[PDB]
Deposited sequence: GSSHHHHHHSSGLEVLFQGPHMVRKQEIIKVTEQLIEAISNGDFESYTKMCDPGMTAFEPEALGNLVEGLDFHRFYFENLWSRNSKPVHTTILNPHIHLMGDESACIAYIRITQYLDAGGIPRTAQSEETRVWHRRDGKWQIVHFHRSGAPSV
């Protein structure tokens, strides 16, 4: 039964909104202080904390599409969502371009709130 699946989609959407608005404070509230991240911008390295994503919230016409979302409920305090993210944007040439990414978010419940404890993206920035 999808009791909390919508509950996961809610905080996921709030995450997307915090990224879109460039609001780093809301992103800090939704992430564990010791959050780890694999991503193409990490160049294959395991980077910990929000110190790495900060550089993007302080320096950043697009359209985002989420394809094939899968949610794994792991009890009453752990969840994990994986999906394909397709981003349509305009390059410096003003030409339409599209980029695909495969994203995995690991959510943990602490004190009645979902927080990202690990993030894994591949393979487009």
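The deposited sequence has C-alpha coordinates everywhere except the stretches 1-20, 81-86, 152-153.
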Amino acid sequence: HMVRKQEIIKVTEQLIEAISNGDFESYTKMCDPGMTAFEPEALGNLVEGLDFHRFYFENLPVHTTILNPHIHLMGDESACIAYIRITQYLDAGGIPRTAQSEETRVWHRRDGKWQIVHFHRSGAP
From here on, numbers count along this sequence of modelled residues.
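Mean C-alpha B-factor is higher over 23-31 than over the other stretch, the pair under comparison being 23-31 and 85-93. Annotation for 4-12 versus 115-123: the higher mean temperature factor (C-alpha) is found in 4-12.
Within the selection 69, 40, 61, 75, the deposited Cα B-factor values reach their highest point at 75.
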